[PDB]
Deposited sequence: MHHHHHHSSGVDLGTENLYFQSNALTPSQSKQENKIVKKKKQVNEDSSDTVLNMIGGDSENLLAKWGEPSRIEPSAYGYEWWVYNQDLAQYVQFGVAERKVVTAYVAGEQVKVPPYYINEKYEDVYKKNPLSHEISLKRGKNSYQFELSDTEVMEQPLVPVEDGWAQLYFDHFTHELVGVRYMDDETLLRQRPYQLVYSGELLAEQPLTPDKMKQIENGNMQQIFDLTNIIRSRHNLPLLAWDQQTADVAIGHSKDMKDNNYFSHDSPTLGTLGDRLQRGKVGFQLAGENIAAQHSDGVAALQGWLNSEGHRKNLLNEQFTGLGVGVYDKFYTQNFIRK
């Protein structure tokens, strides 16, 4: 199927960026009811629109105001850019800075981006806010856009920050569950982008992954091998998961699942698991800021 894209009139529909700063009633009117609503670790709730992977967007709502959004769908409008745009073309239209300065009240903040951050996830100012531009540095293409107001940027802290001067355990579990499903869906966006079959969610595998994330946090290590609970294979077997093949990606300390997954996409070893056509299933387990993907073939 090849559709005609002919156009003679400006499209009157609001963009994701146009929603930032507007109220939730406006978001509900323009976008409809989200698929899922789940808490974040930063005071906003995510309203997730994931039923069409080509249109994937999630909006963050705090006190009935839209404060952030993350765009992953290939067809979602992100002017002056487009999802898939080459880094050289993105830069040229608005050179990307290594330093970002802002103020709240009488305090001063200066983010210092590393050379890697400038190439993988630079920041550009937008009317009343910011856009974090997530790239796949191996293909040099724009793969996501995170819009944030000033308050959200300071909470997320995506880069090193120079400046002036309470979640319950059950809320934490809800936040972790959100990070797990976002990583899952956004991994399938990557699979689709790379012409690979999508992965099926496996709950028993996800439970194994959660246990690993918790073990790393509790026992102060970061490895595929648990000093007390063994290898990936040992863990999956213990969780009653049979498999023909397995793989694992681990991450720690990223702000959220979106950030962890972009770290994996931009690392050769982790990317190999994301792009392995042999895998059929995926369970994701998150415990605080420890994120684990367990991929399986069955």
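Participant: Which parts of the deposited sequence lack C-alpha coordinates in this model? Number from residue 1, please.
Facilitator: In sequence order, the gaps with no modelled C-alpha are 1-35, 201-206.
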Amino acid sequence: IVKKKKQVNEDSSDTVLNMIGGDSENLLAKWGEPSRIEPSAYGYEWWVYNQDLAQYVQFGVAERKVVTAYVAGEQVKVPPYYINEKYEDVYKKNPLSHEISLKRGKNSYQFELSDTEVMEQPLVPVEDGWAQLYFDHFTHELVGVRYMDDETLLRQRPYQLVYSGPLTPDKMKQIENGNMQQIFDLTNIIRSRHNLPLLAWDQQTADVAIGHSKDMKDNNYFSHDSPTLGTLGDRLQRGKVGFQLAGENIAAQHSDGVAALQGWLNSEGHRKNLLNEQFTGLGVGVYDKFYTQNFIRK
From here on, numbers count along this sequence of modelled residues.
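Participant: Can you tell me which stretch has the higher mean Cα B-factor, 150-158 or 201-209?
Facilitator: Between 150-158 and 201-209, it is 150-158 that shows the higher mean C-alpha B-factor.
Participant: Per the record, averaged over C-alpha atoms, which has the higher B-factor: 35-43 or 253-261?
Facilitator: Of 35-43 and 253-261, the stretch with the higher C-alpha B-factor average is 35-43.
Participant: By the CA temperature factor listed in this entry, which of these ranks top: 190, 145, 100, 76?
Facilitator: Of the candidates given, the C-alpha B-factor peaks at 100.
Participant: Highest Cα temperature factor in the entry, among the options 116, 181, 223, 84: which one is it?
Facilitator: 116 has the highest C-alpha B-factor of those listed.
Participant: If you rank every modelled residue in this chain by C-alpha B factor, which third holds residue 80: lowest, middle or highest?
Facilitator: As the PDB entry reports it, the C-alpha B-factor of residue 80 lands in the lowest third of its chain.
Participant: Looking at the temperature factor on the CA atom of residue 120, which third of the chain's modelled residues does it land in?
Facilitator: It falls in the middle third of the chain.
Participant: Among all modelled residues of this chain, ranked by Cα B factor, put residue 52 in the bottom, middle or top third, i.e. lowest, middle or highest.
Facilitator: It falls in the middle third of the chain.
Participant: Should residue 248 be placed in the lowest, middle or highest third of its chain by the C-alpha B factor in the entry?
Facilitator: It falls in the bottom third of the chain.
Participant: Going by the recorded CA B-factors, say which third of the chain residue 137 sits in, lowest, middle or highest.
Facilitator: Lowest third, going by the recorded CA B-factors of the chain.
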